[PDB]
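Student: See work-v9.txt below, with compact mmCIF, N, CA and C atoms.
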# COMPACT_ATOMS: atom_id res chain seq x y z
N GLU O 1 246.54 98.96 128.16
CA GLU O 1 246.21 98.02 127.05
C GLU O 1 247.01 98.39 125.80
N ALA O 2 247.91 97.53 125.42
CA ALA O 2 248.73 97.82 124.21
C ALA O 2 247.96 97.47 122.93
N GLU O 3 247.77 98.44 122.08
CA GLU O 3 247.03 98.18 120.81
C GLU O 3 247.54 96.87 120.18
N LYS O 4 246.63 96.10 119.63
CA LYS O 4 247.06 94.81 119.00
C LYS O 4 247.04 94.94 117.47
N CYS O 5 247.70 94.03 116.81
CA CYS O 5 247.74 94.08 115.32
C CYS O 5 246.64 93.20 114.72
N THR O 6 246.68 93.02 113.43
CA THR O 6 245.64 92.18 112.77
C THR O 6 246.11 90.73 112.60
N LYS O 7 247.34 90.58 112.17
CA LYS O 7 247.86 89.19 111.96
C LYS O 7 248.41 88.62 113.30
N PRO O 8 248.32 87.29 113.49
CA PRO O 8 248.82 86.66 114.72
C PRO O 8 250.32 86.92 114.88
N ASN O 9 250.89 86.40 115.94
CA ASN O 9 252.36 86.61 116.18
C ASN O 9 252.67 88.11 116.24
N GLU O 10 252.75 88.73 115.09
CA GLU O 10 253.04 90.19 115.07
C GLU O 10 252.16 90.92 116.09
N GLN O 11 252.74 91.25 117.21
CA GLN O 11 251.97 91.97 118.26
C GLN O 11 252.74 93.21 118.70
N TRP O 12 252.10 94.06 119.43
CA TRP O 12 252.79 95.30 119.88
C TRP O 12 254.02 94.99 120.71
N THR O 13 255.07 95.71 120.44
CA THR O 13 256.31 95.52 121.22
C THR O 13 256.96 96.88 121.45
N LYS O 14 257.42 97.11 122.65
CA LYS O 14 258.05 98.43 122.93
C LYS O 14 259.51 98.43 122.47
N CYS O 15 260.03 97.26 122.23
CA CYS O 15 261.45 97.16 121.75
C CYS O 15 261.56 96.08 120.67
N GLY O 16 261.56 96.51 119.43
CA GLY O 16 261.66 95.52 118.32
C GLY O 16 263.11 95.34 117.88
N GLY O 17 263.28 94.97 116.64
CA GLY O 17 264.67 94.78 116.11
C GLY O 17 265.22 93.42 116.54
N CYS O 18 265.44 93.27 117.82
CA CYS O 18 265.99 91.98 118.31
C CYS O 18 264.86 91.05 118.75
N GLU O 19 265.13 89.77 118.76
CA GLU O 19 264.08 88.81 119.18
C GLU O 19 264.69 87.44 119.47
N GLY O 20 263.93 86.41 119.18
CA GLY O 20 264.43 85.03 119.43
C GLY O 20 264.36 84.19 118.16
N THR O 21 264.85 82.99 118.23
CA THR O 21 264.82 82.10 117.04
C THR O 21 264.53 80.67 117.48
N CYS O 22 264.46 79.78 116.53
CA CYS O 22 264.18 78.37 116.89
C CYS O 22 265.42 77.75 117.52
N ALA O 23 266.38 78.59 117.81
CA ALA O 23 267.64 78.08 118.42
C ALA O 23 268.10 79.01 119.56
N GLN O 24 267.53 80.19 119.63
CA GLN O 24 267.93 81.14 120.71
C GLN O 24 266.73 82.00 121.12
N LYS O 25 265.97 81.52 122.06
CA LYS O 25 264.78 82.29 122.53
C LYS O 25 265.14 83.78 122.70
N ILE O 26 266.35 84.04 123.12
CA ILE O 26 266.75 85.46 123.32
C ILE O 26 268.15 85.72 122.76
N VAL O 27 268.22 86.65 121.85
CA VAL O 27 269.53 86.99 121.25
C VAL O 27 270.16 88.17 122.04
N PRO O 28 271.45 88.10 122.39
CA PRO O 28 272.08 89.18 123.15
C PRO O 28 272.00 90.49 122.37
N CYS O 29 271.52 91.51 123.01
CA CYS O 29 271.41 92.82 122.30
C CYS O 29 271.60 93.97 123.28
N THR O 30 272.22 95.01 122.81
CA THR O 30 272.45 96.18 123.68
C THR O 30 271.27 97.14 123.60
N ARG O 31 271.53 98.39 123.82
CA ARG O 31 270.42 99.39 123.77
C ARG O 31 269.98 99.65 122.33
N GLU O 32 269.99 98.62 121.53
CA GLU O 32 269.55 98.79 120.11
C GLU O 32 268.14 98.22 119.92
N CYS O 33 267.17 98.89 120.50
CA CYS O 33 265.76 98.41 120.38
C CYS O 33 264.98 99.30 119.41
N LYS O 34 264.53 98.73 118.32
CA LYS O 34 263.75 99.55 117.34
C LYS O 34 262.60 100.26 118.08
N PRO O 35 262.08 101.34 117.51
CA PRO O 35 260.99 102.09 118.15
C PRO O 35 259.76 101.17 118.38
N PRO O 36 258.87 101.59 119.27
CA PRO O 36 257.64 100.82 119.57
C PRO O 36 256.81 100.60 118.30
N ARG O 37 256.48 99.37 118.03
CA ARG O 37 255.66 99.08 116.80
C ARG O 37 255.27 97.60 116.76
N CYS O 38 254.29 97.28 115.95
CA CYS O 38 253.86 95.85 115.82
C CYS O 38 255.04 94.99 115.36
N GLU O 39 255.24 93.87 116.00
CA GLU O 39 256.37 92.99 115.59
C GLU O 39 256.36 91.68 116.38
N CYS O 40 257.40 90.91 116.21
CA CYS O 40 257.49 89.60 116.93
C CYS O 40 257.72 89.81 118.43
N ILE O 41 257.48 88.77 119.20
CA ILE O 41 257.66 88.88 120.69
C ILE O 41 258.34 87.62 121.25
N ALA O 42 259.56 87.76 121.68
CA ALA O 42 260.28 86.57 122.24
C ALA O 42 259.77 86.27 123.66
N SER O 43 259.52 87.31 124.41
CA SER O 43 259.04 87.12 125.80
C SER O 43 257.76 86.27 125.83
N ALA O 44 257.18 86.07 124.67
CA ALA O 44 255.92 85.26 124.62
C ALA O 44 256.23 83.83 124.18
N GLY O 45 257.09 83.70 123.20
CA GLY O 45 257.45 82.34 122.69
C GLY O 45 257.42 82.31 121.16
N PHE O 46 257.52 83.46 120.55
CA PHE O 46 257.50 83.50 119.06
C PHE O 46 258.94 83.51 118.53
N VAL O 47 259.17 82.76 117.47
CA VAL O 47 260.55 82.72 116.88
C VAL O 47 260.51 83.19 115.43
N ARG O 48 261.66 83.49 114.89
CA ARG O 48 261.72 83.97 113.48
C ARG O 48 262.24 82.87 112.56
N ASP O 49 261.44 82.51 111.60
CA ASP O 49 261.86 81.44 110.65
C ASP O 49 262.95 81.96 109.71
N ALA O 50 263.79 81.07 109.26
CA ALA O 50 264.89 81.48 108.35
C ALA O 50 264.34 82.42 107.28
N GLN O 51 263.07 82.31 107.02
CA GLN O 51 262.46 83.19 105.99
C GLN O 51 262.10 84.54 106.61
N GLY O 52 262.75 84.86 107.70
CA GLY O 52 262.45 86.14 108.38
C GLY O 52 260.96 86.25 108.65
N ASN O 53 260.37 85.14 109.04
CA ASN O 53 258.89 85.14 109.33
C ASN O 53 258.63 84.80 110.80
N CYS O 54 257.99 85.70 111.50
CA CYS O 54 257.70 85.44 112.94
C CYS O 54 256.58 84.41 113.08
N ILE O 55 256.87 83.35 113.78
CA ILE O 55 255.84 82.29 113.98
C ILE O 55 256.04 81.60 115.33
N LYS O 56 254.97 81.09 115.87
CA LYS O 56 255.07 80.39 117.18
C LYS O 56 256.26 79.42 117.18
N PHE O 57 256.71 79.05 118.34
CA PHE O 57 257.85 78.09 118.41
C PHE O 57 257.38 76.72 117.89
N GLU O 58 256.13 76.42 118.15
CA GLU O 58 255.58 75.11 117.68
C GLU O 58 255.50 75.08 116.15
N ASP O 59 255.42 76.24 115.55
CA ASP O 59 255.32 76.29 114.06
C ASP O 59 256.72 76.19 113.44
N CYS O 60 257.67 75.75 114.22
CA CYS O 60 259.06 75.63 113.69
C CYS O 60 259.16 74.41 112.75
N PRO O 61 260.17 74.41 111.89
CA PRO O 61 260.38 73.28 110.98
C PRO O 61 260.60 71.99 111.79
N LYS O 62 260.21 70.88 111.24
CA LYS O 62 260.39 69.59 111.98
C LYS O 62 261.79 69.54 112.61
Would you mind giving the structure from this file in C-alpha cells?
Tutor:
Amino acid sequence: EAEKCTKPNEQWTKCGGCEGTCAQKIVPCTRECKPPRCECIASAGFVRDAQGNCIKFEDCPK
C-alpha cells in the first residue's frame, strides 16, 4: 500500500520529475526519475497544466 497524499492528483510516485501533459500522456525520459515522493501520475491519466499544475485530463482547458 503506497502512502497517499492529502490533495487529489498529487499521489505517491516512485519516479517523479517526468510525467504527461494535455498533449503528451508520456514524455520521453531516460533514467532521470526524481526520488520517490508525492507527485503527479501519468500512468493514471493526470496531466500538467501550463501553470505547472497537476490535474485530471478532463480538467484540461477547453
Student: Name the closest residue to residue 16 (chain O) among the candidates O:2, O:40, O:54, O:60; distances are taken between atoms, counting all atoms listed in the file.
Tutor: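 The answer is O:40, which sits nearest to residue 16 (chain O).
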Student: Have a look at O:56, O:49, O:44, O:38 and name the one nearest to residue 10 (chain O); count only C-alpha atoms.
Tutor: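 Of all the options, O:38 lies closest to residue 10 (chain O).
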Student: Which residues are close to region 17-23 of chain O, i.e. within 5 Å by only N, CA and C atoms, leaving aside same-chain residues fewer than 4 positions away? Reply as a PyMOL selection string.
Tutor: chain O and resi 27+34+42+47-48
Student: When you draw a straight line from CA of residue 6 (chain O) to atom C of residue 29 (chain O), how long is it in Å?
Tutor: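 These atoms are spaced 28.1 Å apart.
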Student: Do you know which residues are at most 7 Å from residue 13 (chain O) counting all atoms listed in the file, after dropping those on the same chain fewer than 5 positions away, and could you put them as a PyMOL selection string?
Tutor: chain O and resi 35-41
Student: Report the distance between CA of residue 24 (chain O) and CA of residue 51 (chain O) in Å, rounded to one decimal place.
Tutor: 15.8 Å
Student: Which distance in Å separates atom N of residue 12 (chain O) and atom C of residue 62 (chain O), to one decimal?
Tutor: 27.2 Å
Student: For residue 32 (chain O), which residue out of O:5, O:15, O:50, O:55 is the nearest one, using all atoms listed in the file?
Tutor: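 Ranked by minimum distance to residue 32 (chain O), first place goes to O:15.
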Student: Kindly write chain O with C-alpha atoms to a file, as a PDB file, in the first residue's frame.
Tutor:
ATOM      1  CA  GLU O   1       0.000   0.000   0.000  1.00  0.00           C
ATOM      2  CA  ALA O   2       1.670   3.221  -1.157  1.00  0.00           C
ATOM      3  CA  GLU O   3       1.054   6.067   1.307  1.00  0.00           C
ATOM      4  CA  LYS O   4      -1.370   8.599  -0.223  1.00  0.00           C
ATOM      5  CA  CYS O   5      -1.246  12.405  -0.094  1.00  0.00           C
ATOM      6  CA  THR O   6      -3.892  14.898   1.059  1.00  0.00           C
ATOM      7  CA  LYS O   7      -4.667  16.786  -2.164  1.00  0.00           C
ATOM      8  CA  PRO O   8      -6.143  14.931  -5.213  1.00  0.00           C
ATOM      9  CA  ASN O   9      -3.986  14.199  -8.286  1.00  0.00           C
ATOM     10  CA  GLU O  10      -0.753  14.538  -6.296  1.00  0.00           C
ATOM     11  CA  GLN O  11      -0.301  10.873  -5.361  1.00  0.00           C
ATOM     12  CA  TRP O  12       2.654   8.697  -4.418  1.00  0.00           C
ATOM     13  CA  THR O  13       5.016   8.003  -7.281  1.00  0.00           C
ATOM     14  CA  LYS O  14       8.243   6.008  -7.301  1.00  0.00           C
ATOM     15  CA  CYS O  15       9.561   8.055 -10.239  1.00  0.00           C
ATOM     16  CA  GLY O  16       8.665  11.756 -10.386  1.00  0.00           C
ATOM     17  CA  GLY O  17      10.196  14.589 -12.414  1.00  0.00           C
ATOM     18  CA  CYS O  18       8.785  13.397 -15.737  1.00  0.00           C
ATOM     19  CA  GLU O  19       5.088  12.971 -16.497  1.00  0.00           C
ATOM     20  CA  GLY O  20       2.425  13.687 -19.124  1.00  0.00           C
ATOM     21  CA  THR O  21       0.617  16.733 -20.487  1.00  0.00           C
ATOM     22  CA  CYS O  22      -2.626  17.643 -22.228  1.00  0.00           C
ATOM     23  CA  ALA O  23      -0.697  16.884 -25.415  1.00  0.00           C
ATOM     24  CA  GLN O  24       1.658  14.031 -24.441  1.00  0.00           C
ATOM     25  CA  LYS O  25       0.384  11.445 -21.948  1.00  0.00           C
ATOM     26  CA  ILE O  26       4.015  10.298 -21.716  1.00  0.00           C
ATOM     27  CA  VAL O  27       7.110  12.428 -22.239  1.00  0.00           C
ATOM     28  CA  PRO O  28      10.303  10.560 -23.349  1.00  0.00           C
ATOM     29  CA  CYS O  29      12.679  10.384 -20.399  1.00  0.00           C
ATOM     30  CA  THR O  30      15.824   8.466 -19.534  1.00  0.00           C
ATOM     31  CA  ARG O  31      16.936   7.246 -16.118  1.00  0.00           C
ATOM     32  CA  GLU O  32      16.148  10.727 -14.766  1.00  0.00           C
ATOM     33  CA  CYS O  33      13.388   9.862 -12.271  1.00  0.00           C
ATOM     34  CA  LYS O  34      13.148  12.121  -9.207  1.00  0.00           C
ATOM     35  CA  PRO O  35      13.232  10.239  -5.862  1.00  0.00           C
ATOM     36  CA  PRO O  36      10.012   8.576  -4.570  1.00  0.00           C
ATOM     37  CA  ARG O  37       7.585  11.261  -3.354  1.00  0.00           C
ATOM     38  CA  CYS O  38       4.029  12.628  -3.686  1.00  0.00           C
ATOM     39  CA  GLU O  39       3.501  13.987  -7.213  1.00  0.00           C
ATOM     40  CA  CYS O  40       1.561  13.723 -10.486  1.00  0.00           C
ATOM     41  CA  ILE O  41       0.887  10.336 -12.148  1.00  0.00           C
ATOM     42  CA  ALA O  42       0.733   9.876 -15.941  1.00  0.00           C
ATOM     43  CA  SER O  43       0.116   6.123 -15.735  1.00  0.00           C
ATOM     44  CA  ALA O  44      -3.239   7.120 -14.212  1.00  0.00           C
ATOM     45  CA  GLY O  45      -4.341   9.932 -16.544  1.00  0.00           C
ATOM     46  CA  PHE O  46      -3.192  13.133 -14.819  1.00  0.00           C
ATOM     47  CA  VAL O  47      -1.677  15.957 -16.907  1.00  0.00           C
ATOM     48  CA  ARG O  48       0.251  19.116 -16.015  1.00  0.00           C
ATOM     49  CA  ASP O  49      -1.404  22.448 -16.828  1.00  0.00           C
ATOM     50  CA  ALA O  50       0.739  25.184 -18.369  1.00  0.00           C
ATOM     51  CA  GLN O  51       0.612  26.588 -14.846  1.00  0.00           C
ATOM     52  CA  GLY O  52       2.699  23.609 -13.750  1.00  0.00           C
ATOM     53  CA  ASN O  53      -0.425  22.280 -12.005  1.00  0.00           C
ATOM     54  CA  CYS O  54      -1.200  18.548 -11.998  1.00  0.00           C
ATOM     55  CA  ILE O  55      -4.864  17.962 -12.834  1.00  0.00           C
ATOM     56  CA  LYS O  56      -7.015  15.212 -14.361  1.00  0.00           C
ATOM     57  CA  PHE O  57      -7.038  15.096 -18.169  1.00  0.00           C
ATOM     58  CA  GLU O  58     -10.719  16.081 -18.083  1.00  0.00           C
ATOM     59  CA  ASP O  59      -9.763  19.206 -16.118  1.00  0.00           C
ATOM     60  CA  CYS O  60      -7.823  20.400 -19.170  1.00  0.00           C
ATOM     61  CA  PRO O  61      -8.579  23.786 -20.782  1.00  0.00           C
ATOM     62  CA  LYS O  62     -11.431  23.708 -23.314  1.00  0.00           C
TER      63      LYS O  62
END
